[PDB]
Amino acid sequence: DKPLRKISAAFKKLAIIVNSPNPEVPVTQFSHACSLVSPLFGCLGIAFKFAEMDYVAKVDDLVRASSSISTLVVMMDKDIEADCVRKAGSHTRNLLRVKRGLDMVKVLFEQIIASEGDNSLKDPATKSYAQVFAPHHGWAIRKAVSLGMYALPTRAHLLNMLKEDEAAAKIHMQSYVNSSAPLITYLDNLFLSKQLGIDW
């Protein structure tokens, strides 16, 4: 199968949901779509190993919760009720981390699309990391990530891993960008509308 098309197809559906008048985002559909993004960090290599703990484990948790909890709204309401929003391992806290991962990939794709004709992924990877994850990482991690940037695959190599040529990759990557933009906005507002904040 072709991994970018599974991503675009799944997030298009979520986009339709959050673009609708009364959105109800199922934890099952949401968490499944997010797990389709996980292979991307492995492709980029050792620099993004932090995503195992900062993203993959966070998605794993939401997949667990999806068996007993209907929607993202219901999921957050439980944590608000139990006063465990910022508690380590809480579904709401993990949801916030998942949001950041989705955001980083959105920025990554945007920069890859912009830097077409350049076979180096250095700028897209460095800029996406610096914007989304760097403010949440201590010195050691940021240095390790910076070092790992030397081990990035070439742009052409990445596309080969994803099984697309330039033209087809541009379409599905842009499709994710178009879909994740309102999804990320919807997720942010779930926090902000309850004054929960989004920078913790």
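Throughout, we count residues from 1 along the sequence that is shown.
A.B. asks: Averaging only over Cα atoms, indicate whether 81-89 or 99-107 has the higher B-factor in the PDB entry.
C.D. replies: The deposited B-factors put 81-89 ahead on the C-alpha mean.
A.B. asks: Of 55-63 and 161-169, which one has the bigger average CA B-factor?
C.D. replies: On average, C-alpha B-factors are higher across 161-169.
A.B. asks: Going by the CA temperature factor in the entry, name the top one among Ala134, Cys34, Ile46, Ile69.
C.D. replies: The listed residue with the largest C-alpha B-factor is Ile69.
A.B. asks: Relative to the other modelled residues in the chain, which third contains the C-alpha temperature factor of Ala114: lowest, middle or highest?
C.D. replies: Middle third of the chain for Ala114's C-alpha B-factor.
A.B. asks: Should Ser38 be placed in the lowest, middle or highest third of its chain by the C-alpha B factor in the entry?
C.D. replies: Its C-alpha B-factor belongs to the middle third of this chain's values.
A.B. asks: If you rank the chain by CA B-factor, which third does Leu190 end up in: lowest, middle or highest?
C.D. replies: As the PDB entry reports it, the C-alpha B-factor of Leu190 lands in the highest third of its chain.
A.B. asks: Could you look up the Cα B-factor of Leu121 in the entry and say which third of the chain it sits in: lowest, middle or highest?
C.D. replies: Within its chain, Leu121 is a middle-third residue by C-alpha B-factor, going by the deposited values.
A.B. asks: Quick check on the deposited entry: does the C-alpha B-factor of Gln174 sit in the lowest, middle or highest third of its chain?
C.D. replies: Ranked within chain, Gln174 CA B lands in the middle tercile.
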